[PDB]
>>> print(open('protein29.tsv').read())   # TSV, C-alpha atoms
chain	number	residue	atom	x	y	z
A	206	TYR	CA	-6.51	187.65	106.45
A	207	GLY	CA	-4.58	187.02	109.64
A	208	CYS	CA	-4.67	184.61	112.54
A	209	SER	CA	-4.69	186.51	115.84
A	210	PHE	CA	-5.82	183.73	118.11
A	211	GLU	CA	-5.43	182.90	121.86
A	212	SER	CA	-6.72	179.90	123.90
A	213	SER	CA	-6.55	177.93	120.70
A	214	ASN	CA	-7.79	174.55	121.92
A	215	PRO	CA	-8.78	173.19	118.48
A	216	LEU	CA	-6.11	171.84	116.12
A	217	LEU	CA	-7.40	174.28	113.48
A	218	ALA	CA	-6.82	177.32	115.78
A	219	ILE	CA	-3.00	177.63	115.54
A	220	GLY	CA	-0.34	178.31	112.93
A	221	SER	CA	0.81	180.18	109.83
A	222	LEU	CA	-1.78	180.99	107.17
A	223	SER	CA	-0.67	178.46	104.58
A	224	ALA	CA	-1.43	175.65	106.96
A	225	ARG	CA	-4.78	177.18	107.84
A	226	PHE	CA	-5.65	177.20	104.17
A	227	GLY	CA	-4.54	173.65	103.58
A	228	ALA	CA	-6.60	172.31	106.43
A	229	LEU	CA	-9.76	173.71	104.85
A	230	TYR	CA	-9.01	172.39	101.42
A	231	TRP	CA	-8.66	168.88	102.95
A	232	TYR	CA	-11.86	169.11	104.89
A	233	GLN	CA	-13.77	170.12	101.81
A	234	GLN	CA	-12.86	167.30	99.44
A	235	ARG	CA	-13.36	164.76	102.16
A	236	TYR	CA	-16.67	165.85	103.66
A	237	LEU	CA	-18.34	168.26	101.21
A	238	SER	CA	-18.57	165.79	98.33
A	239	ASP	CA	-21.82	167.32	97.25
A	240	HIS	CA	-21.37	169.14	93.95
A	241	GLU	CA	-20.64	172.85	94.09
A	242	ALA	CA	-23.69	174.96	94.79
A	243	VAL	CA	-21.69	178.10	95.48
A	244	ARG	CA	-22.62	177.87	99.12
A	245	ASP	CA	-19.28	179.53	99.54
A	246	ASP	CA	-20.13	180.80	103.00
A	247	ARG	CA	-22.26	178.03	104.41
A	248	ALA	CA	-20.35	175.10	103.03
A	249	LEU	CA	-17.16	175.96	104.83
A	250	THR	CA	-18.60	177.62	107.86
A	251	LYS	CA	-19.06	174.24	109.57
A	252	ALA	CA	-15.42	173.15	109.41
A	253	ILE	CA	-14.48	174.76	112.69
A	254	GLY	CA	-16.98	172.85	114.84
A	255	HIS	CA	-15.92	169.66	113.15
A	256	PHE	CA	-12.35	169.94	114.38
A	257	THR	CA	-13.28	170.63	118.05
A	258	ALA	CA	-13.30	167.06	119.10
A	259	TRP	CA	-10.67	166.02	116.55
A	260	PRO	CA	-8.16	164.61	118.87
A	261	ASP	CA	-10.82	162.00	119.70
A	262	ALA	CA	-12.88	161.54	116.55
A	263	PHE	CA	-10.35	160.98	113.83
A	264	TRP	CA	-9.34	157.78	115.28
A	265	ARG	CA	-12.81	156.40	115.25
A	266	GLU	CA	-13.22	157.24	111.64
A	267	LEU	CA	-10.10	155.21	110.97
A	268	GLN	CA	-11.15	152.34	113.27
A	269	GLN	CA	-14.55	152.02	111.63
A	270	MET	CA	-13.04	151.07	108.32
A	271	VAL	CA	-10.63	148.52	109.76
A	272	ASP	CA	-13.62	146.47	110.85
A	273	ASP	CA	-15.71	147.01	107.74
A	274	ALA	CA	-12.75	146.07	105.66
A	275	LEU	CA	-11.96	143.02	107.67
A	276	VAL	CA	-15.32	141.29	107.20
A	277	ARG	CA	-14.96	141.65	103.42
A	278	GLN	CA	-11.55	139.96	103.38
A	279	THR	CA	-10.74	137.60	100.48
A	280	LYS	CA	-6.96	136.89	100.72
A	281	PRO	CA	-4.69	136.15	103.63
A	282	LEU	CA	-3.66	139.58	104.94
A	283	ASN	CA	0.05	139.29	104.27
A	284	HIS	CA	-0.56	139.52	100.50
A	285	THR	CA	-3.18	142.35	100.85
A	286	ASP	CA	-2.31	145.94	99.72
A	287	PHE	CA	-2.33	148.64	102.38
A	288	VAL	CA	-4.57	150.71	100.15
A	289	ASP	CA	-7.39	148.15	100.10
A	290	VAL	CA	-8.12	148.86	103.70
A	291	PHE	CA	-7.43	152.54	104.20
A	292	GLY	CA	-8.41	154.07	100.90
A	293	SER	CA	-5.49	156.43	100.33
A	294	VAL	CA	-5.98	158.40	103.51
A	295	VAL	CA	-2.16	158.57	103.48
A	296	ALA	CA	-1.88	160.30	100.14
A	297	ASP	CA	-4.27	163.01	101.27
A	298	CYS	CA	-1.70	164.07	103.84
A	299	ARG	CA	0.20	165.61	100.95
A	300	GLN	CA	-2.33	168.35	100.35
A	301	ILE	CA	-0.96	170.41	103.26
A	302	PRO	CA	2.31	171.65	101.76
A	303	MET	CA	4.59	171.23	104.81
A	304	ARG	CA	6.69	168.09	105.29
A	305	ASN	CA	7.54	167.90	108.99
A	306	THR	CA	5.31	166.43	111.69
A	307	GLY	CA	5.22	169.31	114.13
A	308	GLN	CA	3.44	171.60	111.69
A	309	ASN	CA	1.38	169.26	109.50
A	310	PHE	CA	-0.99	168.17	112.21
A	311	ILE	CA	-3.12	165.89	109.99
A	312	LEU	CA	-0.15	163.60	109.39
A	313	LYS	CA	0.82	163.74	113.02
A	314	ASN	CA	-2.48	162.16	114.08
A	315	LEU	CA	-2.45	159.52	111.40
A	316	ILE	CA	0.90	158.32	112.50
A	317	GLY	CA	-0.14	158.29	116.08
A	318	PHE	CA	-2.92	155.97	115.26
A	319	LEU	CA	-0.88	153.55	113.15
A	320	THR	CA	1.71	153.21	115.83
A	321	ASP	CA	-0.92	152.12	118.30
A	322	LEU	CA	-2.51	149.77	115.84
A	323	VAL	CA	0.70	147.83	115.37
A	324	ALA	CA	1.42	147.81	119.09
A	325	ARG	CA	-1.74	145.92	119.95
A	326	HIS	CA	-1.17	143.31	117.20
A	327	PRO	CA	2.19	141.46	117.66
A	328	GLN	CA	3.43	138.70	115.31
A	329	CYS	CA	2.14	135.10	115.58
A	330	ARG	CA	1.45	132.04	113.34
A	331	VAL	CA	-1.54	133.40	111.47
A	332	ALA	CA	-1.13	136.69	109.71
A	333	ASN	CA	-2.99	139.82	111.01
A	334	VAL	CA	-3.39	143.72	110.45
A	335	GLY	CA	-0.02	145.27	110.47
A	336	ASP	CA	1.41	142.94	107.88
A	337	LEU	CA	-0.09	144.95	105.03
A	338	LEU	CA	2.09	145.97	102.15
A	339	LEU	CA	3.19	149.60	101.49
A	340	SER	CA	4.62	150.95	98.23
A	341	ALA	CA	7.78	153.01	97.92
A	342	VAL	CA	5.85	156.32	97.71
A	343	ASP	CA	4.00	155.43	100.89
A	344	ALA	CA	6.98	154.88	103.04
A	345	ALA	CA	8.33	158.17	101.77
A	346	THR	CA	5.27	159.92	103.13
A	347	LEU	CA	5.24	158.21	106.53
A	348	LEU	CA	8.98	158.64	106.96
A	349	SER	CA	8.86	162.36	106.08
A	350	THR	CA	11.42	162.07	103.33
A	351	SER	CA	11.76	161.93	99.53
A	352	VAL	CA	11.59	158.67	97.60
A	353	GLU	CA	15.16	158.45	96.50
A	354	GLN	CA	16.09	158.39	100.16
A	355	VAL	CA	14.06	155.22	100.64
A	356	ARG	CA	15.90	153.55	97.81
A	357	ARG	CA	19.16	154.49	99.47
A	358	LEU	CA	17.85	153.17	102.80
A	359	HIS	CA	16.95	149.85	101.17
A	360	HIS	CA	20.30	149.55	99.54
A	361	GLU	CA	22.10	149.79	102.82
A	362	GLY	CA	20.05	147.08	104.36
A	363	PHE	CA	18.07	148.88	106.91
A	364	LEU	CA	14.90	147.29	105.74
A	365	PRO	CA	13.77	144.09	103.96
A	366	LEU	CA	11.90	143.59	100.67
A	367	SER	CA	9.04	141.09	100.79
A	368	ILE	CA	8.05	140.29	97.22
A	369	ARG	CA	10.43	138.59	94.84
A	370	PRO	CA	10.35	140.32	91.44
A	371	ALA	CA	11.25	138.73	88.12
A	372	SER	CA	14.66	139.08	86.53
A	373	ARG	CA	15.53	141.77	83.99
A	374	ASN	CA	12.90	143.99	85.54
A	375	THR	CA	12.52	146.72	88.09
A	376	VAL	CA	10.13	147.43	90.89
A	377	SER	CA	8.27	150.66	90.26
A	378	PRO	CA	7.35	153.21	92.97
A	379	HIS	CA	3.71	152.24	92.76
A	380	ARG	CA	4.27	148.50	93.55
A	381	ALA	CA	3.32	147.42	97.09
A	382	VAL	CA	6.31	145.83	98.87
A	383	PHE	CA	7.25	146.64	102.57
A	384	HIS	CA	5.35	145.45	105.64
A	385	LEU	CA	3.64	148.00	107.81
A	386	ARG	CA	5.16	146.88	111.07
A	387	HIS	CA	8.66	147.20	109.60
A	388	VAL	CA	8.16	150.86	108.65
A	389	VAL	CA	6.57	151.90	111.90
A	390	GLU	CA	9.46	150.45	113.90
A	391	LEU	CA	12.21	151.79	111.79
A	392	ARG	CA	10.78	155.30	112.03
A	393	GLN	CA	10.66	155.27	115.82
A	394	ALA	CA	14.14	153.87	115.91
A	395	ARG	CA	16.11	156.12	113.65
A	396	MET	CA	14.05	158.92	112.13
A	397	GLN	CA	13.25	161.35	114.92
A	398	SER	CA	14.37	165.01	115.08
A	399	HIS	CA	13.58	168.19	116.98
A	400	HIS	CA	10.59	168.83	114.67
B	51	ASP	CA	32.03	144.08	80.86
B	52	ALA	CA	35.81	144.05	80.02
B	53	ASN	CA	36.55	145.34	83.54
B	54	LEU	CA	35.25	148.58	82.19
B	55	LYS	CA	31.61	149.22	82.71
B	56	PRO	CA	30.24	147.15	85.49
B	57	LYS	CA	27.06	145.65	84.08
B	58	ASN	CA	23.60	147.12	84.57
B	59	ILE	CA	22.40	144.42	87.06
B	60	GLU	CA	20.11	145.71	89.84
B	61	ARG	CA	21.17	144.98	93.44
B	62	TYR	CA	18.56	142.30	94.20
B	63	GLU	CA	19.39	140.27	91.04
B	64	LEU	CA	22.58	138.82	92.50
B	65	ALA	CA	21.04	137.50	95.70
B	66	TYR	CA	19.56	134.67	93.75
B	67	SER	CA	21.15	131.21	93.82
B	68	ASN	CA	22.47	129.27	90.85
B	69	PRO	CA	21.29	125.73	90.93
B	70	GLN	CA	23.45	122.82	89.51
B	71	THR	CA	23.30	118.95	89.20
B	72	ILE	CA	26.40	117.08	90.39
B	73	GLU	CA	27.58	113.58	91.13
B	74	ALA	CA	29.47	113.08	94.42
B	75	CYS	CA	30.83	110.21	96.57
B	76	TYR	CA	31.19	109.74	100.34
B	77	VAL	CA	32.25	106.90	102.66
B	78	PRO	CA	29.11	105.62	104.51
B	79	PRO	CA	28.81	105.81	108.34
B	80	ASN	CA	30.77	103.35	110.54
B	81	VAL	CA	33.26	101.89	108.08
B	82	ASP	CA	36.67	101.49	109.71
B	83	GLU	CA	38.88	101.39	106.60
B	84	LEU	CA	38.80	101.75	102.83
B	85	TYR	CA	40.79	99.60	100.40
B	86	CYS	CA	42.14	100.34	96.95
B	87	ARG	CA	43.73	97.77	94.60
B	88	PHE	CA	45.43	97.40	91.18
B	89	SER	CA	47.82	95.12	89.24
B	90	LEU	CA	51.05	95.95	87.37
B	91	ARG	CA	52.95	94.14	84.58
B	92	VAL	CA	56.42	95.09	83.39
B	93	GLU	CA	58.00	94.01	80.10
B	94	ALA	CA	61.58	94.17	78.86
B	95	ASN	CA	60.42	95.86	75.76
B	96	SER	CA	62.62	98.83	75.07
B	97	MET	CA	65.42	96.69	73.69
B	98	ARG	CA	64.00	96.60	70.13
B	99	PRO	CA	61.95	98.81	67.71
B	100	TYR	CA	58.43	97.60	67.14
>>> encode(input="protein29.tsv", output="structure tokens")
Amino acid sequence: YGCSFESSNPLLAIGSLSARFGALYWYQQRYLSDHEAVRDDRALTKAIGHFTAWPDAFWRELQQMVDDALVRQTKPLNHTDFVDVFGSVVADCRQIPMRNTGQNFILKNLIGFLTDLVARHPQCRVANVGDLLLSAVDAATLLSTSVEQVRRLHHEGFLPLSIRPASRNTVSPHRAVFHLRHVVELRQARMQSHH
Amino acid sequence: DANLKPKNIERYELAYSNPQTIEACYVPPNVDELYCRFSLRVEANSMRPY
């Protein structure tokens, strides 16, 4: 009904109401997968405790699935889709309606993590994590901008395309084609703002 | 197309090469000079209609 908080240590304890609503919606689909039992009070009541160690737990949830994915590998990683390892955790960032990083704190932590992941895995002769392919709609989300802007950014040569398409065809938004390390670096280099 | 509409071609579609098969000829390494020769005959044959 209102916020009214002070000494807001948890990442769920600050902000405008729309964000506070979005954070709960996200928590629910992701951890309350059990079918509705109209436990309208009890089901959501737990979300606050959950977030109290967030700055240090979210990363472990992401780390766990890097390893479980790795041991099930069937192709060299540089032809593997980003989605096969992280399971659309990126798309879920779109459920909070705000676009910028300083307000959408879920996206802010996911990017933090991916930047570190790339940093500890530099390029060498054998491919490794960080060379995964992103689709056009994924870069748009990580770069905090609409899709048409990515097409314009490609056209000017600020980033490379890795898969050669056939002639008399087009690459659709859903096709996986940019390397992760290329997107992370470009964003640090030329996409920052006061937000 | 008739200097009017530029054709529909997507950007990436012109970065492709165009392969071709050609014959060529070069002087091999370490030859000091090349020679060319021919013969010529001249006849006094414009004096009368064939």
>>> atom_distance(input="protein29.tsv", atom1="atom CA of residue 207 of chain A", atom2="atom CA of residue 238 of chain A")
27.8 Å
>>> closest_atom_pairs(input="protein29.tsv", of="chain B", to="chain A", cutoff="9 Å", atoms="only C-alpha atoms", output="CSV")
residue,atom,partner,partner_atom,distance
B:59,CA,A:373,CA,8.0
B:60,CA,A:375,CA,7.9
B:61,CA,A:360,CA,7.7
B:62,CA,A:370,CA,8.9
B:63,CA,A:372,CA,6.6
>>> atom_distance(input="protein29.tsv", atom1="atom CA of residue 295 of chain A", atom2="atom CA of residue 342 of chain A")
10.1 Å
>>> atom_distance(input="protein29.tsv", atom1="atom CA of residue 216 of chain A", atom2="atom CA of residue 257 of chain A")
7.5 Å
>>> residues_around(input="protein29.tsv", residues="segment 389-395 of chain A", least_positions_apart="4", cutoff="10 Å", atoms="all atoms listed in the file", output="MDAnalysis selection string")
chainID A and resid 316 319:321 323:324 335 344 347:349 363:364 384:385
>>> residues_around(input="protein29.tsv", residues="residue 287 of chain A", least_positions_apart="2", cutoff="9 Å", atoms="all atoms listed in the file", output="PyMOL selection string")
chain A and resi 285+289-293+336-340+381+384-385
>>> axis_aligned_box(input="protein29.tsv", around="segment 360-365 of chain A", padding_each_side="3 Å", output="JSON")
{"center_x": 17.9, "center_y": 146.9, "center_z": 103.2, "size_x": 14.3, "size_y": 11.7, "size_z": 13.4}
>>> build_atoms(input="protein29.tsv", residues="segment 52-81 of chain B", atoms="N, CA and C atoms", output="short mmCIF file (atom, residue, chain, number, x, y, z; two decimals), keeping the file's coordinate frame")
data_model
loop_
_atom_site.label_atom_id
_atom_site.label_comp_id
_atom_site.auth_asym_id
_atom_site.auth_seq_id
_atom_site.Cartn_x
_atom_site.Cartn_y
_atom_site.Cartn_z
N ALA B 52 34.40 143.70 80.32
CA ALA B 52 35.81 144.05 80.02
C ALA B 52 36.43 145.00 81.08
N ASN B 53 36.16 144.63 82.33
CA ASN B 53 36.55 145.34 83.54
C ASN B 53 36.31 146.81 83.44
N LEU B 54 35.57 147.19 82.41
CA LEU B 54 35.25 148.58 82.19
C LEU B 54 33.93 148.78 82.87
N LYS B 55 32.88 148.96 82.09
CA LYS B 55 31.61 149.22 82.71
C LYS B 55 31.18 148.02 83.51
N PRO B 56 30.81 148.26 84.77
CA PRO B 56 30.24 147.15 85.49
C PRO B 56 28.85 147.04 84.89
N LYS B 57 28.34 145.83 84.73
CA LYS B 57 27.06 145.65 84.08
C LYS B 57 25.86 146.24 84.80
N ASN B 58 24.80 146.46 84.06
CA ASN B 58 23.60 147.12 84.57
C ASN B 58 22.84 146.50 85.74
N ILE B 59 23.01 145.20 85.97
CA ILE B 59 22.40 144.42 87.06
C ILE B 59 21.96 145.17 88.32
N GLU B 60 20.69 145.04 88.68
CA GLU B 60 20.11 145.71 89.84
C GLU B 60 20.56 144.96 91.10
N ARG B 61 20.62 145.62 92.25
CA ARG B 61 21.17 144.98 93.44
C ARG B 61 20.57 143.61 93.76
N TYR B 62 19.25 143.52 93.79
CA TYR B 62 18.56 142.30 94.20
C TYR B 62 18.81 141.08 93.30
N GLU B 63 19.17 141.31 92.04
CA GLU B 63 19.39 140.27 91.04
C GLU B 63 20.58 139.35 91.25
N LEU B 64 21.51 139.72 92.11
CA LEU B 64 22.58 138.82 92.50
C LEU B 64 22.41 138.07 93.82
N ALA B 65 21.25 138.18 94.45
CA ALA B 65 21.04 137.50 95.70
C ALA B 65 20.44 136.14 95.44
N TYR B 66 20.20 135.88 94.18
CA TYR B 66 19.56 134.67 93.75
C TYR B 66 20.62 133.58 93.72
N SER B 67 20.24 132.34 93.97
CA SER B 67 21.15 131.21 93.82
C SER B 67 21.25 130.71 92.38
N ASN B 68 22.21 129.83 92.15
CA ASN B 68 22.47 129.27 90.85
C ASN B 68 22.40 127.77 90.99
N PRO B 69 21.22 127.18 90.73
CA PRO B 69 21.29 125.73 90.93
C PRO B 69 22.06 124.91 89.90
N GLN B 70 22.66 123.77 90.31
CA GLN B 70 23.45 122.82 89.51
C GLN B 70 23.19 121.35 89.90
N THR B 71 23.49 120.40 88.99
CA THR B 71 23.30 118.95 89.20
C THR B 71 24.70 118.36 89.26
N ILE B 72 25.08 117.70 90.34
CA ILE B 72 26.40 117.08 90.39
C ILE B 72 26.42 115.67 90.92
N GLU B 73 27.46 114.91 90.60
CA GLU B 73 27.58 113.58 91.13
C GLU B 73 28.57 113.80 92.27
N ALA B 74 28.54 112.95 93.29
CA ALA B 74 29.47 113.08 94.42
C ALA B 74 29.69 111.70 95.08
N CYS B 75 30.65 111.52 95.96
CA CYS B 75 30.83 110.21 96.57
C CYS B 75 31.38 110.28 97.99
N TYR B 76 30.74 109.63 98.96
CA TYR B 76 31.19 109.74 100.34
C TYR B 76 31.31 108.37 100.96
N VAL B 77 32.20 108.16 101.92
CA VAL B 77 32.25 106.90 102.66
C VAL B 77 31.05 106.87 103.60
N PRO B 78 30.29 105.76 103.64
CA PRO B 78 29.11 105.62 104.51
C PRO B 78 29.47 105.55 105.99
N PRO B 79 28.52 105.82 106.90
CA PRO B 79 28.81 105.81 108.34
C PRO B 79 29.35 104.48 108.85
N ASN B 80 30.22 104.52 109.86
CA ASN B 80 30.77 103.35 110.54
C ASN B 80 31.62 102.35 109.78
N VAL B 81 32.30 102.78 108.72
CA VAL B 81 33.26 101.89 108.08
C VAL B 81 34.61 102.25 108.67
#
